[PDB]
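# Residue-level structure breakdown
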Amino acid sequence: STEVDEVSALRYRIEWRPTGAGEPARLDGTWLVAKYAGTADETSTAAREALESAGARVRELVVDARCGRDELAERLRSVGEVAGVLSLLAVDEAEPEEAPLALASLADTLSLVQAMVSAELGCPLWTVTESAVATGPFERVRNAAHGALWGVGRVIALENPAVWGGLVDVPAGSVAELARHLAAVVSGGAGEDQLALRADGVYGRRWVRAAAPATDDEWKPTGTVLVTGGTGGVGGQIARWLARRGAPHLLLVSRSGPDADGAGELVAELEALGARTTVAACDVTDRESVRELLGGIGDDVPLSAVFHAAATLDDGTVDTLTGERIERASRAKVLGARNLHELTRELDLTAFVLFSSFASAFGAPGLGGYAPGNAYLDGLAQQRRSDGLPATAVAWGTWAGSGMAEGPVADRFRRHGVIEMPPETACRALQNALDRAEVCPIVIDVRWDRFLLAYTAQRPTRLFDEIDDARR
Amino acid sequence: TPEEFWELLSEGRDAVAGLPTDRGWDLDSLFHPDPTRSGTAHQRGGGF
């Protein structure tokens, strides 16, 4: 192969490699254990000893769901100078079934970050998460909604490097890793902003090149293809490629639907290339709407190619980012894919490709509301695939022709990093990712010559150490 | 070391944690829902 060499440079993957636990330094001042107060947590006690013994003192910071963007600020000013905060509110917390992005931990973490911003404190914040991300497909993510916190944390550090410390993942149920590592992790000079403490050590999130040997296995679009948000470019070019490849049926579904600017032309193009293409003005947020849509799928053809592409976005700036805001800002993707996952748990899908973006892959200003949604999609693929269920969560870069992630952030990053990817090779990248059934590919054309001075300039991180040509 | 093996063996600690990431393993083609796919592994961990 020679033409897939470009696809090899297109695709990367997120791997958790064993990093150092950090250099333990005797802290000073205080380190707040910010959390809830509904249930007594031995987690708070596991952090208490570690920080009193690390040199500082421990003071509890109770935060309620949307209790205010300021309350924590005057609380931080009342305690005084703080050397860092441990957010222990995202541990052993169930996902509210109303919305994945309405997670209380995400909302209070955003409020706490902005409270530090408005409190003129300048202390690092470490959000302890309970198995929110996996160190590999050998581990299962308990809650994909908790990964939204990870994504928004990756975005936050690009806004306030002094305020954001990072995230520290710990296993579900066990609190020994906290006592073993937190003291060195929070004060560590290694520079890791993504930490996963497991029984076998400490793992840092890293970008690593994904090999593409062009495995002989081929994925075909046989069956109807549920292209959520098919009218949009992210779904539009994918539907065009599906029709080109020989998709028997195509099921573009979006709220705009027939009332979309370009719906008829797209439908005509897919009918010319493929066959049996239908556009449908149907909501994806409602569980019963998707239920009756799948029930209305003709029994003549089974559903096996749910290609979720719908995503809503207006702004991604952290100064106004609240979790309830993120919930309504990106409900199309999270609730949509959750409903589709719970619906197709009884369906034999050959593909459930989740269309996320680089916002959850690496930090991106202006995409702080997009990231949490894309991160739920990533976690869902890790889980549904860790389950006996089919999945894939491709994080597309700047789409060339689409406009949903192609805003001011896209043209900004076009000059200091990711550049527009031609669809004629992005479709081949998707085909290649479905050839190995990759859990979470990252398709991107980032140029590290300009990315080094635009991503690591504000925060020297090891995240991009495993990419060989990322040195320059 | 042989003395480090005793407090893994006397207090009842299982060494099965997960697959290694140091070695550059694929870890993605190793796990597919189809149990008969060539190139996939069935165990989700092990003492490594």
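In what follows, the structure referred to is the one given above.
An account of the accompanying structure is given in this report. (Residues numbered from 1 in each chain as written, not as in the entry; some residues may be left out. Chains lettered and ligands numbered in written order. Part of a larger assembly, values for the part shown. Heavy atoms only, no water.)

### Remarks on the overall build of chain B
From N to C terminus, chain B includes one helix and zero strands. With the C-alpha coordinates aligned to their principal axes, the bounding extent of chain B is approximately 40 × 20 × 10 Å. Split into buried and exposed, the 48 residues of chain B put 25% on the buried side. Only carbon and sulfur atoms are counted for the fraction: they give 52% of the accessible area of chain B, which is about 3400 Å². Separation of charge centres in chain B, based on 4 positive and 9 negative side chains, amounts to 9 Å. (Helix = DSSP H or I, 4+ residues; strand = E, 2+ residues; numbered from the N terminus. Buried < 20%, exposed > 50% of the residue type's maximum accessible area, 1.4 Å probe, protein only. Areas by Shrake-Rupley, 256 points an atom, 1.4 Å probe, with all protein chains shown as cover. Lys, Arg positive; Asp, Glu negative; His and termini not counted. Charge placed at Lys NZ, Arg CZ, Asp CG, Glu CD.)

### Considering the interface of chain B and chain A
Listed per partner, the contact involves 16 residues of chain B and 21 residues of chain A. Of all residues in chain B, B:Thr21, B:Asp28 and B:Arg44 give up the largest surface area on contact with chain A, accounting jointly for 40% of the area buried on that side. Inspection of the region where chain B meets chain A yields two salt bridges. Put simply, B:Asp28 and A:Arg13 hold a salt bridge, and the shortest N to O gap is 2.5 Å. In this assembly, chain B and chain A are joined by eight residue pairs in polar contact. Looking at side-chain class alone, the side of chain B that touches chain A contains six nonpolar, five polar and five charged residues. (Contact = heavy atoms within 4.5 Å. Buried area = accessible area lost by both parts, 1.4 Å probe. Salt bridge = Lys/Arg side-chain N within 4 Å of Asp/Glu carboxyl O. Polar contact = N/O pair within 3.5 Å; in protein donor to acceptor, adjacent residues only side chain to side chain. Nonpolar A, V, L, I, M, F, W, Y, C, P; charged D, E, K, R; others polar.)

### Structural notes on helix α7 (residues 233-245) of chain A
Residue and element names in this part refer to chain A. When the terminal C-alpha atoms of α7 are compared, their 18 Å separation across 13 residues agrees well with the 18 Å that a helix rising 1.5 Å per residue should span. Most of α7 sits out of view: 10 of its 13 residues are buried. Of all the residues in α7, the buried ones are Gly 233, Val 234, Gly 235, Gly 236, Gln 237, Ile 238, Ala 239, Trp 241, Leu 242 and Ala 243. Positioned one or two residues after α7, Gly 246 has a phi angle of 115°, which is positive. (Expected span 1.5 Å × (residues − 1).)

### Digging into empty space enclosed by the protein
Residues and elements named next belong to chain A. Inspection of every chain in the model, using the stated rule, returns four cavities of 30 Å³ or more. In this structure, the largest cavity spans a volume of roughly 410 Å³. Along the wall of the largest cavity there are 30 residues; nearest its centre are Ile 14, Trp 16, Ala 134, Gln 382 and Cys 440. Residue assignment for the lining of the largest cavity shows that the elements contributing at least two residues are β1 (11-18), α5 (146-156) and α12 (370-386). Here the residues of the lining of the largest cavity sort into 15 nonpolar, seven polar and eight charged. The space that makes up the second largest cavity amounts to roughly 120 Å³. Together, 15 residues line the second largest cavity, and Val 234, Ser 356, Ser 357, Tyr 370 and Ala 405 are the ones closest to its centre. Elements supplying a minimum of two residues to the lining of the second largest cavity: β14 (356-357) and α12. Of the residues belonging to the lining of the second largest cavity, the class tally is nine nonpolar, five polar and one charged. (1 Å grid on protein atoms, 1.4 Å probe; cavity = no way out; pocket = protein on both sides within 12 Å on 5 of 7 lines; lining within 4 Å. Points joined across faces, edges and corners; volume = space filled by probe spheres on them.)

### Things to note about unusual backbone geometry
Residues and elements named next belong to chain A. Phi angles above zero are rare outside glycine, and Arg 276 is one such case at about 55°. Relative to the helices and strands, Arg 276 is located in the loop between α8 (263-273) and β12 (277-281). Overall, the relative accessible area of 55% leaves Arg 276 in the exposed class.

### Details of the packing of aromatic side chains
Residues and elements named next belong to chain A. Evaluated as defined, the whole model comprises 21 aromatic pairs over all chains. Ring geometry for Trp 219 and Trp 241: centres 6.4 Å apart, planes at 20°, overall stacked. Of this pair, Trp 219 sits in the loop between β8 (201-209) and β9 (224-225) while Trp 241 sits in helix α7, and the two are 22 residues apart along the sequence. One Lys or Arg, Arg 384, reaches over the ring of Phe 352 and ends 4.7 Å from the middle of that ring. (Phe/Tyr/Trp six-rings, centres within 6.5 Å; stacked < 30°, edge-to-face > 60°. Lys NZ or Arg CZ within 6 Å of the ring centre and 35° of its normal.)

### Remarks on the pairing of β12(A)
Residues and elements named next belong to chain A. Sheet topology places strand β11 (residues 249-254) next to β12; five bridges connect them, and they run parallel. Counterpart to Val 253 in the pairing with β12 is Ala 280. The β-α-β motif built from β11, the intervening α8 and the parallel element β12 has right-handed crossover chirality. (Pairing = 2+ DSSP bridges. Right-handed = clockwise from strand over helix to strand, strands pointing away.)

### A few points about the layout of surface pockets
The space that makes up the largest pocket amounts to roughly 640 Å³. Around the largest pocket, the lining is made up of 28 residues, and of these A:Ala199, A:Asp200, B:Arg13, B:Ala15 and B:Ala17 lie nearest the centre. Contributions of two or more residues to the lining of the largest pocket are made by α6 (176-187) and β8 of chain A together with α1 (6-9) of chain B. Element by element, the count of residues in the lining of the largest pocket is highest for α6(A), at four residues. Its residues placed into classes, the lining of the largest pocket shows 10 nonpolar, eight polar and 10 charged. If you add up the space inside the second largest pocket, you get close to 440 Å³. Considering the residues around the second largest pocket, the lining is formed by 25 residues, among which A:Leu349, A:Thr350, A:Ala351, A:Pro390 and B:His32 are closest to the centre. Among the residues forming the lining of the second largest pocket, the class breakdown is 11 nonpolar, five polar and nine charged.

### With respect to the pattern of salt bridges
Tallying each qualifying case throughout the model produces 22 salt bridges over all chains. With a closest N to O distance of 2.5 Å, A:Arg17 and A:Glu466 form a salt bridge. Linking A:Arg17 in strand β1 with A:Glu466 in the segment after α15 (448-455), this pair joins segments that are 449 residues apart in sequence. Since its relative accessible area comes to 9%, A:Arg17 is described here as buried. Its relative accessible area of 28% is what places A:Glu466 among the partly exposed residues. Between A:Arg414 and A:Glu420 there is a salt bridge; the shortest N-O distance is 2.9 Å. Take A:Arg414: its relative accessible area is 33%, and that puts it in the partly exposed class. Linked through salt bridges whose partners overlap, the residues forming this network are A:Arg13, A:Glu438 and B:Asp28.

It is worth stressing that arrangement in space is one thing and function is another; only the former is reported here.
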